[PDB]
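Just below is one structure, and these are the notes that go with it.
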14 protein chains.
Amino acid sequence: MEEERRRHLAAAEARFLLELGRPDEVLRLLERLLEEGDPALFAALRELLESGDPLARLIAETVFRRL
Amino acid sequence: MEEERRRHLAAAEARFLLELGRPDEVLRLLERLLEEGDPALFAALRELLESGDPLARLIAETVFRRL
Amino acid sequence: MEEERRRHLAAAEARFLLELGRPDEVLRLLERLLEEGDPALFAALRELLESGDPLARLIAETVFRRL
Amino acid sequence: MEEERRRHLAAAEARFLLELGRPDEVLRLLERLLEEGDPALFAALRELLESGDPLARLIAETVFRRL
Amino acid sequence: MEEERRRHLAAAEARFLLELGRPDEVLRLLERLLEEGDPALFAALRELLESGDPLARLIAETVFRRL
Amino acid sequence: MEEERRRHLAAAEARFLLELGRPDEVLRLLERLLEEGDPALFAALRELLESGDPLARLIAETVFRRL
Amino acid sequence: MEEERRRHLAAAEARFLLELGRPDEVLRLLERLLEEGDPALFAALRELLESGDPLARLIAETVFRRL
Amino acid sequence: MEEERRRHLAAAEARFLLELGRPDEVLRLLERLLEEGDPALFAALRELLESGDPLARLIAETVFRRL
Amino acid sequence: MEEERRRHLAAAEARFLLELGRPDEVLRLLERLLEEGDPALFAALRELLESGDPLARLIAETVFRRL
Amino acid sequence: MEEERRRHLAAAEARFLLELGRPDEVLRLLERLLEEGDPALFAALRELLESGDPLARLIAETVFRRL
Amino acid sequence: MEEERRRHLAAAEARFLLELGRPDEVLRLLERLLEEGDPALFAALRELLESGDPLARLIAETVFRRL
Amino acid sequence: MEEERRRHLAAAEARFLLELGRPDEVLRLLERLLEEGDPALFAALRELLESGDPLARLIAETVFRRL
Amino acid sequence: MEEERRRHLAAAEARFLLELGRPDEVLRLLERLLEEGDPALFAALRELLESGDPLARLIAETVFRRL
Amino acid sequence: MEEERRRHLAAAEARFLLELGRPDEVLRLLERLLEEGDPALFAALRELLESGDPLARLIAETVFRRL
């Protein structure tokens with residue numbers, strides 16, 4: 001549907017911004033998602049936690065504790 | 001008994017909501033259990049921690065830090 | 001949704017009542033589900049059939065023959 | 001041929017309704033087939049009996065004893 | 001021996017009608033054998049039971065339960 | 001011992017009648033044993049069930065269901 | 001407690017009567033348990049089903065079908 | 001759901017018509033699905049493409065080129 | 001047989017009371033058996049001795065040395 | 001980079017619409033991309049070609065032949 | 001030494017309360033130890049940390065973060 | 001449970017006193033448990049007999065010989 | 001690229017200060033980077049997190065928690 | 001420690017008197033230790049029990065049963 005599409009797009013954009021090596025942009029993305037209460041945020045965090053990147057795990061944990 | 005029955009039902013519901021991919025619902029469930037002081041909460045947490053899902057571990061830790 | 005949730009809860013409760021070693025309670029559960037025409041009944045029966053317990057298969061067949 | 005075509009379509013519809021996890025619909029399909037005396041019914045039963053699903057075998061056996 | 005001949009012929013006819021994929025005619029054969037009291041009915045029944053076909057075993061049990 | 005002797009004789013007669021390939025007479029034997037209320041009947045059933053013949057198991061179950 | 005004691009004693013008595021080779025006495029035991037409504041009836045059936053004896057399975061199923 | 005049901009039915013009918021060895025009827029079915037704008041058409045084409053049949057691949061490609 | 005019946009029941013009751021982890025009740029059982037001069041006492045002592053439990057061997061020896 | 005971001009987003013959306021099993025939506029997306037001359041179209045096509053799904057290759061070729 | 005005695009008893013009580021599946025009791029025990037400044041607290045915490053239990057890890061960390 | 005707690009505490013205290021190499025304190029513990037009639041006395045003995053220490057077996061047997 | 005050059009130089013300086021065994025200066029470097037809002041900070045953190053040093057991980061997490 | 005020193009010396013003297021092949025002297029030593037209530041007695045008893053030589057085990061048991 002549209003919810004699943006938004007989830008997938010947010011996860012893909014997080015993965016992309018991570019692949020460029022610009023984690024400040026990943027943080028900004030996650031903060032924007034969180035401030036709006038978009039459930040897609042969780043999808044985003046999933047993409048990071050499955051990435052196997054320690055910086056990704058740190059960013060995910062920080063943003064999640066910001067809840 | 002009824003206590004063990006509810007301890008099993010809460011864990012099953014948490015595992016279910018995790019299977020659908022709805023961690024916001026898992027958070028809401030755990031928050032309700034915590035605000036009600038239901039000991040079954042801990043059972044729920046167990047169901048998450050052995051689930052082998054990083055987001056599940058994050059949710060468990062974040063809701064534990066509120067005890 | 002709510003229907004998959006009720007199905008999962010009924011299956012888990014049947015599994016729990018069987019694990020306690022109270023097949024009379026499993027029979028009571030199944031008869032209550034059947035008398036209401038709740039589709040979740042089938043979700044229950046599956047749980048018993050795959051459990052690998054001969055008494056579970058017996059209870060499943062005996063309650064299914066009442067449809 | 002129309003006979004073999006209807007046999008194949010009934011078998012496929014039974015397999016589909018079983019794959020969705022809706023055994024009530026499979027039961028309704030089989031009862032509708034049986035009440036009309038459509039020989040395709042037996043094809044349907046075939047599709048269930050070889051499916052390797054305990055609930056499928058139970059439904060097939062329950063439909064036999066009404067013949 | 002005419003008795004053994006009729007037994008063999010009934011077994012072969014049941015096997016054949018099963019091979020065409022016409023279990024309704026197999027049922028009709030078994031029903032007429034049963035209504036005639038022909039002992040050959042048993043020669044057929046084990047044939048089906050040795051075919052290794054679930055539909056065959058089901059038909060055999062369903063017609064045997066009518067004795 | 002007359003009891004064990006009659007048990008052994010009934011079991012052997014059932015095995016023999018099954019070996020000739022005359023399941024109708026096996027049924028007649030079992031029906032007579034049942035109508036006479038002879039415990040030897042169960043011995044006769046044993047010889048049938050541990051024999052390994054599908055028709056034997058069918059006969060055993062059909063006779064046992066009459067108790 | 002006393003309920004576990006009832007369960008264990010009934011299961012052991014059923015196993016003993018089955019070991020003596022007196023399935024008529026097993027049937028009488030199970031019939032009495034069933035007519036008295038003792039939940040121990042199920043503990044007995046377990047003993048019979050996990051025993052790995054075909055006649056035990058037949059007695060278990062035949063008694064269970066009377067519930 | 002009716003949509004997935006029609007998808008499965010069209011795919012199964014295409015598979016069947018191909019199994020009879022009647023590619024003209026497969027072409028006629030695909031042409032009907034295409035002229036009706038039924039999305040199930042794609043569910044049909046997939047069934048052919050994974051069929052491992054070169055004639056199935058040719059029919060699928062020739063029909064798809066008409067979009 | 002009533003004698004083997006009581007022997008099996010006493011052995012099973014001792015096994016049960018030992019399985020709960022309640023050896024004081026095992027001691028009470030063995031004491032009441034001994035003071036009654038019930039030969040079933042030796043059926044119990046055997047069940048404990050083959051139990052492979054050091055506490056069982058000690059209880060058996062302590063009771064036996066009172067003969 | 002915004003160009004690279006749009007490329008990645010189009011590729012991800014095509015992959016998603018393909019994962020749902022909705023190739024009509026994939027065609028709609030590809031035609032929308034093509035009608036505007038968005039270079040991101042090619043990033044989409046690559047996404048489909050390395051997917052391995054034969055329907056994906058067919059869609060890619062059919063939309064490429066329109067350039 | 002009474003210090004080693006109290007350390008061992010606190011560790012054993014924590015391990016036991018964990019074995020019953022009552023982590024609320026483990027939390028209450030650790031809280032009581034902490035509020036009194038009993039060094040035995042650490043003997044308890046180690047007991048949990050070596051238990052190889054995720055919930056035990058969480059309880060240990062959450063209690064230790066209160067010093 | 002309080003009684004299970006006391007059993008576990010007595011077993012752990014006996015194990016501890018054995019670990020220090022103070023078999024006189026183990027004897028004093030067992031003697032006080034015996035004189036108080038505490039059923040936990042057995043949980044203590046069960047702890048010693050399994051420890052695999054000859055002096056432990058001797059102490060356990062000497063305590064048995066006083067019941 | 002000056003941005004990439006600074007990103008590389010900050011990570012190299014952090015690695016050098018870690019190799020010298022002066023984690024206080026690593027902390028001071030990370031703090032001065034953070035206070036200016038320099039994206040190079042993240043390039044610094046990677047170098048630590050991928051360094052495989054526990055003190056490096058602790059420093060990385062403690063600095064990241066200040067964002 | 002003088003207590004541990006006396007324990008070690010008593011254990012060594014027992015081992016010595018055993019090595020000479022003079023178990024009457026070992027018995028006299030153990031009796032002298034026991035008559036004074038010296039805890040070092042147990043240090044001797046262990047030294048014998050682990051040293052094989054079933055004569056040593058018998059002496060240990062005989063002197064222990066006098067406590």
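Chains: A, B, ... in order of the structure tokens. Residues: from 1 per chain. Ligands: from 1, in order shown.
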
Item to complete: Write down, as a ChimeraX atom specification, each residue of chain G that has any atom within 8 Å of an atom of chain C, counting only C-alpha atoms.
Response: /G:39,42,45-46,49-50,61,64-65

Shell around residue 9 in chain N at 12 Å using only C-alpha atoms, local window under 3 positions removed, as a PDB file with N, CA and C atoms, in the first residue's frame:
ATOM      1  N   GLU N   2      48.607 -21.658  61.963  1.00  0.00           N
ATOM      2  CA  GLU N   2      48.896 -22.797  62.830  1.00  0.00           C
ATOM      3  C   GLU N   2      47.825 -23.873  62.717  1.00  0.00           C
ATOM      4  N   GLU N   3      46.564 -23.474  62.538  1.00  0.00           N
ATOM      5  CA  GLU N   3      45.510 -24.462  62.340  1.00  0.00           C
ATOM      6  C   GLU N   3      45.739 -25.255  61.060  1.00  0.00           C
ATOM      7  N   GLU N   4      45.991 -24.557  59.952  1.00  0.00           N
ATOM      8  CA  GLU N   4      46.270 -25.243  58.696  1.00  0.00           C
ATOM      9  C   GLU N   4      47.565 -26.038  58.786  1.00  0.00           C
ATOM     10  N   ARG N   5      48.534 -25.543  59.555  1.00  0.00           N
ATOM     11  CA  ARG N   5      49.780 -26.280  59.730  1.00  0.00           C
ATOM     12  C   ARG N   5      49.539 -27.602  60.445  1.00  0.00           C
ATOM     13  N   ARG N   6      48.754 -27.580  61.523  1.00  0.00           N
ATOM     14  CA  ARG N   6      48.443 -28.815  62.235  1.00  0.00           C
ATOM     15  C   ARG N   6      47.633 -29.759  61.362  1.00  0.00           C
ATOM     16  N   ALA N  12      49.814 -35.548  56.789  1.00  0.00           N
ATOM     17  CA  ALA N  12      51.077 -36.135  56.359  1.00  0.00           C
ATOM     18  C   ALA N  12      51.469 -37.315  57.234  1.00  0.00           C
ATOM     19  N   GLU N  13      51.244 -37.217  58.545  1.00  0.00           N
ATOM     20  CA  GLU N  13      51.587 -38.328  59.423  1.00  0.00           C
ATOM     21  C   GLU N  13      50.712 -39.538  59.141  1.00  0.00           C
ATOM     22  N   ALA N  14      49.428 -39.314  58.858  1.00  0.00           N
ATOM     23  CA  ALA N  14      48.564 -40.427  58.486  1.00  0.00           C
ATOM     24  C   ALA N  14      49.036 -41.076  57.194  1.00  0.00           C
ATOM     25  N   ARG N  15      49.348 -40.265  56.181  1.00  0.00           N
ATOM     26  CA  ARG N  15      49.847 -40.815  54.923  1.00  0.00           C
ATOM     27  C   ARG N  15      51.143 -41.590  55.131  1.00  0.00           C
ATOM     28  N   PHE N  16      52.025 -41.083  55.992  1.00  0.00           N
ATOM     29  CA  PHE N  16      53.278 -41.768  56.284  1.00  0.00           C
ATOM     30  C   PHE N  16      53.024 -43.127  56.918  1.00  0.00           C
ATOM     31  N   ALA N  40      41.631 -31.279  63.063  1.00  0.00           N
ATOM     32  CA  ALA N  40      42.614 -31.872  62.165  1.00  0.00           C
ATOM     33  C   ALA N  40      42.288 -33.317  61.830  1.00  0.00           C
ATOM     34  N   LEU N  41      41.520 -33.994  62.689  1.00  0.00           N
ATOM     35  CA  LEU N  41      41.061 -35.348  62.407  1.00  0.00           C
ATOM     36  C   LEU N  41      40.500 -35.457  60.998  1.00  0.00           C
ATOM     37  N   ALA N  43      41.072 -33.607  58.420  1.00  0.00           N
ATOM     38  CA  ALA N  43      42.175 -33.497  57.472  1.00  0.00           C
ATOM     39  C   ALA N  43      42.855 -34.840  57.271  1.00  0.00           C
ATOM     40  N   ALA N  44      42.977 -35.628  58.340  1.00  0.00           N
ATOM     41  CA  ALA N  44      43.490 -36.984  58.202  1.00  0.00           C
ATOM     42  C   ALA N  44      42.537 -37.842  57.385  1.00  0.00           C
ATOM     43  N   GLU N  47      42.722 -37.460  53.734  1.00  0.00           N
ATOM     44  CA  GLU N  47      43.993 -37.961  53.216  1.00  0.00           C
ATOM     45  C   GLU N  47      43.939 -39.460  52.967  1.00  0.00           C
TER      46      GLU N  47
END

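Straight-line separation from CA of residue 57 in chain F to CA of residue 32 in chain F: 18.1 Å.
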
Item to complete: Pull the alpha helix (DSSP H) assignments for chain G out of DSSP run on the backbone, and list those residues as a ChimeraX atom specification.
Response: /G:3-19,23-36,40-49,54-64

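The interatomic distance for the pair CA of residue 29 in chain B and CA of residue 52 in chain A works out to 28.4 Å.
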